[PDB]
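In what follows, a structure is listed as structure tokens, so that the remarks can point back to it.
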Amino acid sequence: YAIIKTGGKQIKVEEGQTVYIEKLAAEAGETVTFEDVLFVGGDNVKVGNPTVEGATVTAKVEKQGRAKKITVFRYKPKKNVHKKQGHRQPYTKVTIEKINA
Amino acid sequence: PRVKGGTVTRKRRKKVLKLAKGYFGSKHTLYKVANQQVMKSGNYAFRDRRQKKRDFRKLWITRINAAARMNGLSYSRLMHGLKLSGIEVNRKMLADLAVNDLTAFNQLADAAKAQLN
Amino acid sequence: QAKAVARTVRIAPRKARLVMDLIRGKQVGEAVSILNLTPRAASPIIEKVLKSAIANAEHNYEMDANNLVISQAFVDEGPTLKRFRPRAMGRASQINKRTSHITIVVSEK
Amino acid sequence: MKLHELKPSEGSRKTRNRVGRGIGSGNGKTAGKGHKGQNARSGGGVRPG
Amino acid sequence: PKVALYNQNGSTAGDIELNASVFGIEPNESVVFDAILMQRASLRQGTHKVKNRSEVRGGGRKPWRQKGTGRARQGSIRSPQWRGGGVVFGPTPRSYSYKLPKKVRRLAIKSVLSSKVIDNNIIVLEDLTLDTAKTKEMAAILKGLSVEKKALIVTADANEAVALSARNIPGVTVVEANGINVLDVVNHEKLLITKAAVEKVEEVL
RNA sequence: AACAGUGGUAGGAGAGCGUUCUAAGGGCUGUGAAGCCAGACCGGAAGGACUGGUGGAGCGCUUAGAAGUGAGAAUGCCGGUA
RNA sequence: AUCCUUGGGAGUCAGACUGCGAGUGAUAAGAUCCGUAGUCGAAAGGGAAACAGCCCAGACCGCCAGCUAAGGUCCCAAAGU
RNA sequence: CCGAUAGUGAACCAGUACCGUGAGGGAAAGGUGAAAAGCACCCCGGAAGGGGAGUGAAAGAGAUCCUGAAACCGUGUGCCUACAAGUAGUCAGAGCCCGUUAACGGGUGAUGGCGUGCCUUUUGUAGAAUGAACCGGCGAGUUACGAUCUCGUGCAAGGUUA
Numbered sequence: 002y003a004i005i006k007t008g009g010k011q012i013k014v015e016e017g018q019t020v021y022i023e024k025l026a027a028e029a030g031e032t033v034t035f036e037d038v039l040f041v042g043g044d045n046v047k048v049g050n051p052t053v054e055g056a057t058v059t060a061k062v063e064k065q066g067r068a069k070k071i072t073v074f075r076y077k078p079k080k081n082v083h084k085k086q087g088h089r090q091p092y093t094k095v096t097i098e099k100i101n102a
Numbered sequence: 002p003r004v005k006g007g008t009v010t011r012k013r014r015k016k017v018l019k020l021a022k023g024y025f026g027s028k029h030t031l032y033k034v035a036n037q038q039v040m041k042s043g044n045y046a047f048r049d050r051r052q053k054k055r056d057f058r059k060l061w062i063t064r065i066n067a068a069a070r071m072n073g074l075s076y077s078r079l080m081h082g083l084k085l086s087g088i089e090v091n092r093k094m095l096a097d098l099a100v101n102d103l104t105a106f107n108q109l110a111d112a113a114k115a116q117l118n
Numbered sequence: 002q003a004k005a006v007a008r009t010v011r012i013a014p015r016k017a018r019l020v021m022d023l024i025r026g027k028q029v030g031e032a033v034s035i036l037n038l039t040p041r042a043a044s045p046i047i048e049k050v051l052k053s054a055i056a057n058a059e060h061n062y063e064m065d066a067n068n069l070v071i072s073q074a075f076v077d078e079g080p081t082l083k084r085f086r087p088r089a090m091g092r093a094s095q096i097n098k099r100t101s102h103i104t105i106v107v108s109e110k
Numbered sequence: 001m002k003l004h005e006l007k008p009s010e011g012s013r014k015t016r017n018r019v020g021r022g023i024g025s026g027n028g029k030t031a032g033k034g035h036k037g038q039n040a041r042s043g044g045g046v047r048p049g
Numbered sequence: 002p003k004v005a006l007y008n009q010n011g012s013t014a015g016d017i018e019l020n021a022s023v024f025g026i027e028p029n030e031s032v033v034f035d036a037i038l039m040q041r042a043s044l045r046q047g048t049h050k051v052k053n054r055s056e057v058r059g060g061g062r063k064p065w066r067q068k069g070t071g072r073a074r075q076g077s078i079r080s081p082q083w084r085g086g087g088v089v090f091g092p093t094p095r096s097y098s099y100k101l102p103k104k105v106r107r108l109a110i111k112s113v114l115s116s117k118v119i120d121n122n123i124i125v126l127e128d129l130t131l132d133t134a135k136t137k138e139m140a141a142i143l144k145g146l147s148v149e150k151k152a153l154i155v156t157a158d159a160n161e162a163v164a165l166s167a168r169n170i171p172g173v174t175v176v177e178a179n180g181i182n183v184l185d186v187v188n189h190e191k192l193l194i195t196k197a198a199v200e201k202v203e204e205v206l
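Protein chains in written order, with the authors' numbering: chain k, 2 to 102; chain j, 2 to 118; chain l, 2 to 110; chain e, 1 to 49; chain Y, 2 to 206.
So this is what it looks like as structure tokens:
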């Protein structure tokens with residue numbers, strides 16, 4: 002299982018586990034390799050001088066879509082203030098294949 | 002032209018009440034108390050969208066000491082060890098997770114103790 | 002399954018939910034005998050509706066009327082009369098003459 | 001000018017400030033007049049000079 | 002504007018030559034727009050009236066006293082806060098006409114006529130002779146001159162032959178020689194003229 | 001595209017969404033209009049749309065214009081029900 | 001990166017608290033009345049147990065990212081018996 | 001311009017009813033269906049009130065008689081509750097139950113971390129300061145005429161005409 006900085010925030014990843022990360026274009030349908038793998042694991046080929054030299058992980062970008070709509074609504078509890086922000090969040094349904102040590 | 006506006010009021014009343022299901026009592030039923038309680042539960046929302054971002058860290062730091070003390074170290078010393086032996090930028094939920102599959106964490110704790118001497 | 006509806010006989014509803022809650026679930030051989038003896042004098046309003054509901058199931062469908070399970074028995078506040086009743090010191094309060102709608106859905110076992 | 005596509009000039013029409021409708025518009029509650037002060041009450045106002 | 006004349010059947014050889022100062026102006030897109038809107042306005046009648054608070058036929062004594070019962074202040078019965086009415090401000094009947102300058106007023110009709118020349122929509126109908134006055138004559142002529150929709154007919158004479166016809170024809174409007182105006186030309190898409198009225202209109206203005 | 005900013009009362013400026021009516025045509029209705037109720041849909045919001053059910057005759061879109069143009073608070077008003 | 005004029009357009013002309021300097025006071029008061037500086041007012045977040053004025057710091061919006069300030073590091077309660 | 005809380009107070013046997021000794025004040029109240037075809041007959045019931053039967057497109061349309069919302073009042077329920085201290089929510093969260101305007105689904109959420117309504121008025125209000133029982137409807141910045149500034153348009157030491 003592989004630990005990957007794409008984010009910037011880190012994911013535990015085995016091969017095939019669908020992982021939602023940031024919007025990264027990836028032209029959804031194409032393939033992107035991930036480039037900051039810490040802690041190969043399994044046989045514990047453990048990190049050192051951060052980033053296992055070239056232990057990258059390929060991934061097949063499938064979908065680029067927005068999250069649930071979330072209503073940011075802050076209001077001051079007197080004083081007549083109302084700020085109602087509809088909000089979306091862009092993910093990318095990254096499908097991950099061939100953890101490469 | 003005379004403007005009744007007999008519809009426009011209704012549809013605003015029937016979107017807040019859409020957003021007010023599952024509320025206790027007759028805050029869910031009425032309007033003119035519910036528009037307070039939605040107004041809280043948006044202001045109560047945004048605070049709590051900054052707690053899970055700040056308090057899940059206050060989980061996994063306990064979930065390091067509950068493993069770092071199995072190997073005889075403290076979080077105040079352990080997170081110094083990872084900062085030296087290794088420049089490891091491991092996610093604190095994921096140096097946690099390193100607990101789900103122990104002893105992968107201990108072998109990182111093994112990497113800690115080498116520069117503790 | 003059968004249905005009888007009362008539709009606006011003057012009694013309060015809460016003075017007829019109490020007569021009703023010895024019926025919902027009972028039998029025809031277990032409710033006409035019980036309603037005659039409550040005494041709770043909103044009873045024979047209902048007992049002229051249950052017995053009329055059975056003789057609906059007698060004529061209109063022939064559902065073996067002595068073998069029926071009383072299924073639904075809800076009562077709703079119908080069209081309310083409202084009267085002003087006078088009061089001392091010029092108060093003139095109100096009296097709400099309520100009205101109810103008795104529905105005794107009688108069904109097969 | 002086809003009466004379908006009847007659009008005005010460049011910056012000659014402009015919306016009236018609909019004063020005193022809702023909070024988030026600006027100028028909703030006090031309707032621009034302010035707070036406790038001769039001027040904020042109805043009916044003016046004082047003599048000009 | 003060198004538009005070919007029309008025989009109203011033929012139709013036809015020979016072209017006319019129009020004023021550049023009338024039918025050859027680059028049309029002013031926003032000086033026209035102002036002139037439709039004073040034309041649409043003041044065609045409205047302005048007969049909207051609301052019984053104001055004073056003007057409502059209503060008892061003016063206070064319903065109850067100032068201070069001393071468990072109510073509100075509640076001055077008059079027929080006010081604005083009550084069921085009985087009425088509207089506070091309300092609409093009162095009033096005016097809508099206002100006159101633009103003639104250096105605009107010319108240059109509106111000078112614009113729209115010049116615009117419709119470019120868009121190939123003027124068909125000059127010589128002499129407009131009608132041998133009877135039935136509407137079935139104008140049914141054939143407009144269809145024979147291959148126009149369908151709302152249409153203007155500029156008669157330099159205000160004919161009884163033309164104007165008794167074509168008004169029951171639901172789109173086509175018979176116009177006075179002097180009676181041209183912007184909500185007739187813009188609306189009815191197309192305008193039919195005598196040879197004599199082009200002499201007239203170019204020496205109206 | 002680069003760089004910086006983006007709490008906020010009283011208030012100033014700017015941009016919008018709504019509703020009703022009129023004006024151009026263009027376009028939906030008995031193969032079901034408006035309104036009503038439901039629903040897990042979309043935009044930054046005001047807000048829109050779609051399918052179902054009821055409803056049984058009207059209605060939206062665009063583009064401008066007019067305004068009795070928007071509701072939570074008036075010990076407001078009326079009616080209903082606690 | 002502000003300032004000067006010019007014009008359109010308004011709000012406030014009762015402020016509080018803390019420190020520093022003052023008067024009245026009894027070198028009394030969450031007292032009154034000035035200067036100066038902050039904050040509140042118009043400012044949410046963390047501290048100070050709760051706390052408009054102290055300490056730290058400025059909320060466009062999401063993240064189950066990291067590093068720090070005031071304050072802490074036995075249990076409550078995150079972090080050194 | 002209004003479309004029944006509007007428009008006259010009165011679309012309705014309205015200056016009626018009621019209120020006042022009296023001058024006076026002064027309401028509410030529209031809609032079956034295209035036409036009565038307004039429910040013959042049978043069953044329950046004293047009778048209203050129903051259930052079948054027919055009438056019509058509809059009868060859930062049948063006497064407040066088109067539409068029928070909400071407060072409310074019910075009846076069934078899927079999930080939670082009888083060691084619990086709570087401005088009642090939010091974020092986390094297993095169990096259980098369903099399958100959707102196909103979406104990092106929907107409902108209940110055992111329990112944990114946070115958290116004292118909305119508005120006015122204030123230096124300061126969770127306020128033990130005021131306001132509101134709720135629900136629905138009505139309800140407040142214009143309009144007429146001038147003066148000033150920006151914005152726009154036409155004409156430019158010449159512009160507008162009452």
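Ideal placement from N, C-alpha and C gives every residue a C-beta, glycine not left out.
Start-to-end residues for the beta strand (DSSP E) that takes in residue i
{"i": "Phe-24 of chain Y", "result": "Looking at the DSSP string, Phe-24 of chain Y is not in any beta strand (DSSP E); the run it does join, the alpha helix (DSSP H), is 21–24."}
{"i": "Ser-34 of chain l", "result": "Premise fails: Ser-34 of chain l lies in the alpha helix (DSSP H), 33–36, not in any beta strand (DSSP E)."}
{"i": "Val-73 of chain k", "result": "71–75"}
{"i": "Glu-78 of chain l", "result": "76–78"}
{"i": "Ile-37 of chain Y", "result": "Taken as a continuous stretch (DSSP letters only), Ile-37 of chain Y belongs to no beta strand (DSSP E), being part of the alpha helix (DSSP H) at 30–41."}
{"i": "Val-176 of chain Y", "result": "174–176"}
Interface flag, residue i vs chain k, CB-CB below 7 Å
{"i": "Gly-24 of chain e", "result": "yes"}
{"i": "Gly-82 of chain j", "result": "no"}
{"i": "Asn-44 of chain j", "result": "yes"}
{"i": "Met-71 of chain j", "result": "no"}
{"i": "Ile-62 of chain j", "result": "no"}
Residue i - containing alpha helix (DSSP H), residue span
{"i": "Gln-37 of chain j", "result": "35–49"}
{"i": "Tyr-76 of chain j", "result": "76–85"}
{"i": "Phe-106 of chain j", "result": "105–115"}
{"i": "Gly-145 of chain Y", "result": "136–145"}
{"i": "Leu-193 of chain Y", "result": "It is not in any alpha helix (DSSP H) - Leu-193 of chain Y instead sits in the beta strand (DSSP E) that spans 192–194."}
{"i": "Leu-19 of chain l", "result": "15–21"}
{"i": "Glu-56 of chain Y", "result": "Counting along the chain, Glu-56 of chain Y falls outside any alpha helix (DSSP H), and DSSP gives it neither H nor E."}
Distance between beta carbons of residue j and residue i, contact taken as under 8 Å
{"i": "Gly-87 of chain k", "j": "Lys-70 of chain k", "result": "6 Å"}
{"i": "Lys-201 of chain Y", "j": "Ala-164 of chain Y", "result": "Wrong, their Cβ atoms sit about 17 Å apart, outside the cutoff."}
{"i": "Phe-35 of chain k", "j": "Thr-7 of chain k", "result": "6 Å"}
{"i": "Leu-69 of chain l", "j": "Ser-108 of chain l", "result": "6 Å"}
{"i": "residue 134 of chain k", "j": "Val-20 of chain k", "result": "Because chain k in this structure spans residues 2 to 102, residue 134 of chain k falls outside the shown range and cannot be described."}
Proximity test, Cβ basis, 7 Å: residue i and chain e
{"i": "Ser-31 of chain Y", "result": "yes"}
{"i": "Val-51 of chain Y", "result": "no"}
{"i": "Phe-34 of chain Y", "result": "yes"}
{"i": "residue 1 of chain k", "result": "Past the boundaries of the shown model lies residue 1 of chain k; chain k is included only from 2 to 102, so the question cannot be answered."}
{"i": "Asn-101 of chain k", "result": "no"}
Contact with chain Y by residue i, beta-carbon distance below 7 Å
{"i": "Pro-8 of chain e", "result": "yes"}
Short CB-CB distance (under 7 Å) between residue i and chain j
{"i": "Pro-91 of chain k", "result": "no"}
Sufficient close CB pairs (3 or more, under 8 Å) joining the stretch 141–152 of chain Y to the stretch 46–59 of chain Y: The stretch 141–152 of chain Y vs the stretch 46–59 of chain Y: no contact.
Touch test, the stretch 40–55 of chain Y against the stretch 117–130 of chain Y, Cβ-Cβ under 8 Å, three pairs minimum: The answer is no - the stretch 117–130 of chain Y does not touch the stretch 40–55 of chain Y, with fewer than three Cβ pairs under 8 Å.
Segment contact, 8 Å Cβ cut-off, at least three pairs: the stretch 73–85 of chain k with the stretch 15–32 of chain j: The stretch 73–85 of chain k and the stretch 15–32 of chain j do not touch, with fewer than 3 CB-CB distances between them shorter than 8 Å.
Touching by the beta-carbon criterion (3+ pairs, under 8 Å), the stretch 185–196 of chain Y and the stretch 123–131 of chain Y: The answer is yes - the stretch 123–131 of chain Y touches the stretch 185–196 of chain Y, with three or more Cβ pairs under 8 Å.
The stretch 60–70 of chain k in contact with the stretch 3–10 of chain l per 3-pair CB rule at 8 Å: With a cut-off of 8 Å, the stretch 3–10 of chain l and the stretch 60–70 of chain k do not count as touching, because too few Cβ pairs lie within range.
The stretch 52–65 of chain l / the stretch 4–20 of chain e touching (three or more Cβ pairs under 8 Å): These segments do not touch.
The stretch 105–112 of chain j in contact with the stretch 42–49 of chain l per 3-pair CB rule at 8 Å: No, because fewer than three Cβ pairs between the stretch 105–112 of chain j and the stretch 42–49 of chain l fall closer than 8 Å, the two stretches do not touch.
Start-end ranges of the beta strand (DSSP E) lying completely within the stretch 17–85 of chain k, minimum 3 residues: Counting whole runs of 3 or more residues, the stretch 17–85 of chain k contains the beta strand (DSSP E) stretches 20–22, 32–35, 58–64, 71–75.
contact_flag[the stretch 17–33 of chain l, the stretch 66–82 of chain l] where n(CB pairs < 8 Å) is 3 or more: Enough Cβ pairs lie closer than 8 Å, so yes.
Sufficient close CB pairs (3 or more, under 8 Å) joining the stretch 64–75 of chain Y to the stretch 153–160 of chain Y: Segments in contact, no.
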